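Written below as structure tokens is the structure these notes are about.
Computed over heavy atoms, backbone and side chain alike; hydrogens, waters and symmetry mates excluded. A, B, ... follow the sequence lines: proteins, then strands. Residue 1 opens every chain.
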There are 4 protein chains.
Amino acid sequence: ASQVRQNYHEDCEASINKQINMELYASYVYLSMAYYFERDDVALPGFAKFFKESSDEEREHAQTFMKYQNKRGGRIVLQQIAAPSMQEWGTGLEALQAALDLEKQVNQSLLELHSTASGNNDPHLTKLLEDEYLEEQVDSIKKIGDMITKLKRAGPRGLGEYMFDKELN
Amino acid sequence: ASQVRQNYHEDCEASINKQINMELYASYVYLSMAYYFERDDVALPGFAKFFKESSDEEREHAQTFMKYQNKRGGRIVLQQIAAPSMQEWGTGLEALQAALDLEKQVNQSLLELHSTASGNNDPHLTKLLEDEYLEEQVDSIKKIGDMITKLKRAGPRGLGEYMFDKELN
Amino acid sequence: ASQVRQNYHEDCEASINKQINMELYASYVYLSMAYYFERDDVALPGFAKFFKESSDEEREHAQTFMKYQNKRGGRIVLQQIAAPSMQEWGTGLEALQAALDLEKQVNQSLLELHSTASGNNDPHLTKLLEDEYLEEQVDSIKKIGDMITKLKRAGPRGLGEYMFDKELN
Amino acid sequence: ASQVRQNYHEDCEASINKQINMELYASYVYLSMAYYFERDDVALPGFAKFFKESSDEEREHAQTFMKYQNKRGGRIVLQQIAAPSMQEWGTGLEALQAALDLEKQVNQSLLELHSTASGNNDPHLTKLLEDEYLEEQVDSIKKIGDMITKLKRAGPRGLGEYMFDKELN
Ligand SMILES: [Fe+3]
Ligand SMILES: [Fe+3]
Ligand SMILES: [Fe+3]
Ligand SMILES: [Fe+3]
């Protein structure tokens with residue numbers, strides 16, 4: 001194996017490769033949303049900015065995992081990035097509800113990875129998950145839930161969506 | 001008795017200790033409200049910041065009473081701090097109405113303390129009450145009154161509550 | 001359940017509510033000590049400043065748990081804050097011994113909470129406990145242990161207590 | 001009467017002239033103490049500085065009363081300023097105990113003058129006494145009481161007195 005590899009189970013190596021793909025998909029989904037909200041018939045620049053940054057953040061998460069794979073002596077194997085499940089995301093609220101579901105899907109995958117790492121007695125990998133991923137994921141989920149509540153209070157359609165969009169800008 | 005005590009009736013000493021507890025309880029109530037408004041299903045950050053600052057202020061009022069007790073040679077007697085009357089505070093308006101009632105309750109207590117101090121010929125204590133508490137208390141009640149009127153004008157539910165929350169943040 | 005809740009066991013939510021109350025109690029104890037040391041017949045301003053800071057920090061610890069509860073979609077339940085276990089804390093050494101006892105009690109509670117979190121496979125919570133509480137608690141205990149040893153060397157009564165008080169101011 | 005005189009009773013005017021003399025007498029006491037502690041066979045420069053400052057503040061208190069007399073249209077009547085009955089003040093502790101007694105004597109006089117002003121329905125004069133004198137008097141008494149306690153802790157003779165003196169420099 002690698003001259004560096006130590007206490008790194010092939011199962012964790014495989015799950016990290018799966019997670020790289022999932023973070024890249026999430027980046028792609030938020031990229032889709034970002035430009036959906038820049039359509040002339042949608043025109044929600046705060047939502048667009050929010051999801052642009054989210055797409056950037058998820059691709060950075062993916063790259064941290066790739067760096068981690070190399071750090072531990074595993075081999076990055078990239079897989080096809082799936083097309084986003086939708087081409088058009090509906091209302092601001094529906095996009096937020098889709099994002100909340102995706103963040104929780106990612107969170108479940110991260111927790112299943114953490115279970116794999118713990119089961120193989122890899123505390124270097126549990127630390128990575130805990131400090132660089134699971135922490136941000138709970139914060140992102142809380143943030144999106146907050147936004148869902150706020151938009152439902154303001155609107156969620158019409159003038160309330162227009163005003164809520166301004167808080168994201 | 002204390003080497004510093006002079007013209008300090010035991011009834012005023014005891015009333016100060018009751019007021020310390022009342023200030024600490026008000027701080028607790030506003031701390032409860034502050035974090036209620038940060039629930040993911042409430043998400044009113046302006047209401048949260050307002051009540052956080054109110055909680056800090058009330059704790060400061062308690063400490064000023066404790067400092068005063070020591071200054072006069074009285075002895076601080078601390079008691080349990082009661083649970084807040086509610087765990088869920090409802091709408092922003094209902095929370096403001098609760099706060100208005102609590103401020104007027106505290107105002108009543110302070111005015112009764114002033115009567116005790118006045119009946120015992122303690123001008124140092126009537127000065128404290130007038131300058132450090134009764135003035136602040138009337139200003140707070142007026143503020144909360146204004147806020148209730150503004151929120152009723154804005155909403156008090158839906159978009160108007162969303163927009164009012166912005167002026168507190 | 002909350003729209004954000006995920007992998008958050010009801011026993012962990014309940015234990016966090018218990019811990020919030022314990023941190024608020026610890027804040028209350030140090031607040032009592034702080035103003036005990038400002039009595040005209042005690043007059044230890046360094047002790048007073050130390051326990052004033054300790055009280056603020058414990059109140060901050062409680063608020064971080066409250067923020068955490070909301071982040072995970074649990075619901076804050078606030079209870080009565082018991083009166084501090086004394087009204088008069090004796091010598092500087094006796095108050096530090098009492099503070100040591102309390103810090104270790106709080107540590108035991110946090111370690112029990114970590115066991116609850118660990119047993120329910122909640123690494124977000126074990127991370128919070130390790131990084132935001134357990135680390136600080138061990139530093140706190142060591143600091144107080146050092147101070148007890150220093151005061152016993154200096155005094156613990158008379159000129160030694162007077163001189164030691166100056167290193168905390 | 002004076003073109004400015006309004007709601008100013010002759011008993012209040014008389015008591016203010018009496019109080020002026022008491023403040024000048026207090027200033028003289030503290031001047032006596034100040035230079036006693038600079039004797040080569042006493043050599044307590046911290047005590048000397050403290051009592052020098054105290055002497056200056058009592059003289060300022062007398063001048064504020066003289067200014068007040070003029071403001072109300074009363075006429076200042078100045079009398080002999082008695083020397084202290086005791087000028088061999090003894091130890092630092094003995095001087096602090098004498099200062100505490102003097103401070104409480106002045107306070108009792110101020111409180112009697114408040115009663116006179118209140119009985120003659122003079123709110124301008126009660127305001128003066130509460131804000132310019134009674135407030136500072138309680139703060140002065142608390143400070144000297146604190147010092148007596150610290151000095152007893154430190155010493156009150158020998159090394160502890162030498163060290164306590166440094167705190168006042
Ligand atoms: Fe991610
Ligand atoms: Fe208050
Ligand atoms: Fe704590
Ligand atoms: Fe004076």
Side-chain angles (χ1 to χ4, degrees), chain A residues 30 37 43-47 49-51 53-54 57 91-108 110-111 133-169, chain B residues 29-56 84 86-100 143-144 146-169:
Chain A
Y30 299 143
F37 290 114
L44 285 164
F47 281 82
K49 183 173 188 306
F50 178 78
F51 283 118
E53 296 181 352
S54 297
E57 288 165 28
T91 69
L93 180 58
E94 292 171 305
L96 289 177
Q97 286 164 328
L100 181 60
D101 184 82
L102 189 54
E103 296 286 300
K104 286 157 107 189
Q105 287 184 48
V106 171
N107 196 30
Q108 174 68 18
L110 290 172
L111 293 158
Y133 294 95
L134 293 175
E135 187 76 6
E136 287 99 296
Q137 202 69 20
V138 159
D139 288 342
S140 308
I141 293 162
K142 178 60 160 68
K143 183 171 62 212
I144 293 168
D146 281 10
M147 296 168 56
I148 290 178
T149 299
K150 290 176 189 180
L151 176 57
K152 286 179 165 183
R153 168 182 295 109
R157 302 297 303 284
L159 174 58
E161 185 182 61
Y162 171 82
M163 294 304 311
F164 176 79
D165 174 80
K166 303 277 206 60
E167 132 174 15
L168 306 180
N169 224 344
Chain B
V29 168
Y30 295 142
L31 186 84
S32 172
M33 295 181 176
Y35 285 88
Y36 170 82
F37 288 115
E38 290 191 343
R39 290 173 45 165
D40 76 272
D41 56 4
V42 178
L44 288 161
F47 283 91
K49 174 182 201 182
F50 176 83
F51 285 114
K52 277 181 198 175
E53 297 176 345
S54 298
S55 173
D56 292 349
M86 307 282 111
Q87 306 288 330
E88 291 178 331
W89 295 101
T91 69
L93 179 58
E94 300 175 315
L96 293 182
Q97 285 160 336
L100 177 66
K143 177 163 58 184
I144 290 163
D146 284 12
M147 289 167 70
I148 288 167
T149 294
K150 294 176 169 181
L151 181 54
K152 287 183 181 190
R153 174 179 291 111
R157 303 284 304 277
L159 180 54
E161 181 178 60
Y162 174 84
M163 296 301 304
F164 178 75
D165 176 83
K166 294 292 193 42
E167 96 167 47
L168 307 183
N169 203 341

Review point. Considering all heavy atoms of both residues, which atom of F164(A) and which atom of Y162(B) are nearest to each other, and what is their separation?
Key: CA-OH, 3.5 Å

Check your understanding: Using non-hydrogen atoms only, which part of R39(B) is less than 4.5 Å away from chain A: side chain, backbone, both, or neither?
Key -> backbone

Review point. If you take all heavy atoms of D40(B) and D146(A), which pair is closest and at what distance?
Key: CA-OD1, 3.2 Å

**Study point:** Atom pair NZ (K166(A)) and NZ (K166(B)), whose distance is rounded to the nearest 0.5 Å
**Key:** 9.0 Å

Review point. Considering all heavy atoms of both residues, which atom of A43(B) and which atom of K150(A) are nearest to each other, and what is their separation?
Key: O-CG, 3.6 Å

Review point. Does a side-chain heavy-atom distance below 4.5 Å link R153(A) with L44(B)?
Key: yes

Review point. If you count the non-hydrogen atoms of other residues, nucleotides and ligands that lie under 6.0 Å from CE in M86(B), is the total more than 12?
Key: no

